[PDB]
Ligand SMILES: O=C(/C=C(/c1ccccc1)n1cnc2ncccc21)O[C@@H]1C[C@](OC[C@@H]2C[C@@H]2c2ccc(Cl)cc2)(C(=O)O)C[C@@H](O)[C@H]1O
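In the form deposited without the ligand, a lone chain appears below as structure tokens.
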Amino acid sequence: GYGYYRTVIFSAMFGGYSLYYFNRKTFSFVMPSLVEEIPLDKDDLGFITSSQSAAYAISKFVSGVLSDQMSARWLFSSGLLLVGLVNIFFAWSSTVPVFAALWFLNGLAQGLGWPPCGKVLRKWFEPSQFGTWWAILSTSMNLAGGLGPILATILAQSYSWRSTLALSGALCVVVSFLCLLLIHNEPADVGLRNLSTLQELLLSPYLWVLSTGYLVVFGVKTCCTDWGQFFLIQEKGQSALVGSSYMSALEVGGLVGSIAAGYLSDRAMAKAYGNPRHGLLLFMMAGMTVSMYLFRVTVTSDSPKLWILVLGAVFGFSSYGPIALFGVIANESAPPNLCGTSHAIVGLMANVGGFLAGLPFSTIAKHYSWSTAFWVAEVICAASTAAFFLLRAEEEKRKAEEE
């Protein structure tokens, strides 16, 4: 069949990338038993996570470029196999430089995992159904992060942490061979109807304007997601429960934002003057700017908890959503032989925006104020969003001048 192989491959990629993000954060999930068995300094823990972050930052770009030419099935399954073998080796090992070297190799394979899912979603799902299944496969990450600490607590209650990571690695080995058996790269590999130069991709201005948009939106995400609790504790007198519930409501709004961004974007593609995935994208960046303004101005010590959770969920709907849409458009606006390169350049701008939003935002927050820092992030977001509204208005004027 056609939809049969579609749902078999999507369930295989769902389970595979679920075990990917389960092993992207397994050390963070198993941290209490590991620090109970052997003492590790917090600088060592931050270094192990930072080595994974640097390896995953490199391996996003390297995996996109290498997933352009190589087959997506073997590359996905080989990465998940390396993930499993790394977690087995992590269960065998008992020291911090070997923990960091193995977790660096895990960061490499975690980067190796996703651009095959992007290539297979592009080959199997038409653009009327590409965004919503992109969104479901990207909230496989959210399901893995939700069932991570729960299964970590269950396996720490029942088993040791050694056997927990050994069973996680063995499960990722078995599911890597199952994703090698189940996933197919294109419908031409079975017998179904299968549905430019790299300099032309790099010299295309739409890739770079999408790149700067993803820079701004992921920087705003990283700013608020890393410093919203600090903005509510230190300046506006909110409790730690309010900041923690703000982050939880922002993540719930982000789940809803990814899913609704994919579905409403595919509804916009189906009902259709430019890319139809922009009418949700720019309206939702404008909603992100409105949520930042309402969160910076109207939140006070006397603000109701319901209103600050509403602003958290509205920002989560409006920041995770445009990032999911930038992933969809970056995989989609490129040619099929260069789509991993486009999504890889977008992930490179994720790394640039994460750097620009982590530490310089803390410096603007330390020297001026927290409100002045989020005002700077709001000025960047509002200026960029108004610039994109001017760009789509200018493109509509150009397309009117064509006809």
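Sequential numbering from 1, following the sequence displayed.
Missing here is the form solved in complex with the ligand; even so, the following discussion is about that form.
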property: Pocket open vs blocked [the ligand transferred in the bound PDB entry by site C-alpha superposition; 2.4 Å, backbone or C-beta, 3 atoms]; result: blocked
property: Touches the ligand in the bound PDB entry: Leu165 (any heavy atom, 4.5 Å); result: no
property: Any non-hydrogen atom of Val216 within 4.5 angstroms of the ligand in the bound PDB entry; result: no
property: Contact label in the bound PDB entry: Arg73 to the ligand, heavy atom within 4.5 Å; result: no
property: Interface membership of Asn331, the ligand in the bound PDB entry, 4.5 Å heavy atom rule; result: yes
property: Partner-contacting position among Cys117, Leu311, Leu112, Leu281 - heavy atom within 4.5 Å of the ligand in the bound PDB entry; result: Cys117
property: Heavy atom within 4.5 Å of the ligand in the bound PDB entry - the one residue of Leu137, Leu155, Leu264, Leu105 that qualifies; result: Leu137
property: Region of this chain that lies against the ligand in the bound PDB entry, out of 145-153, 294-302, 120-128, 85-93 [heavy atom, 4.5 Å]; result: 120-128
property: Residues of stretch 346-370 in contact with the ligand in the bound PDB entry (4.5 Å, non-hydrogen atom); result: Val346, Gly347
property: Shift in CA distance, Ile329 and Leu80, in the bound PDB entry relative to the form shown here, given it is 3 Å or more; result: farther
property: Shift in CA distance, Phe355 and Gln52, in the bound PDB entry relative to the form shown here, given it is 3 Å or more; result: closer
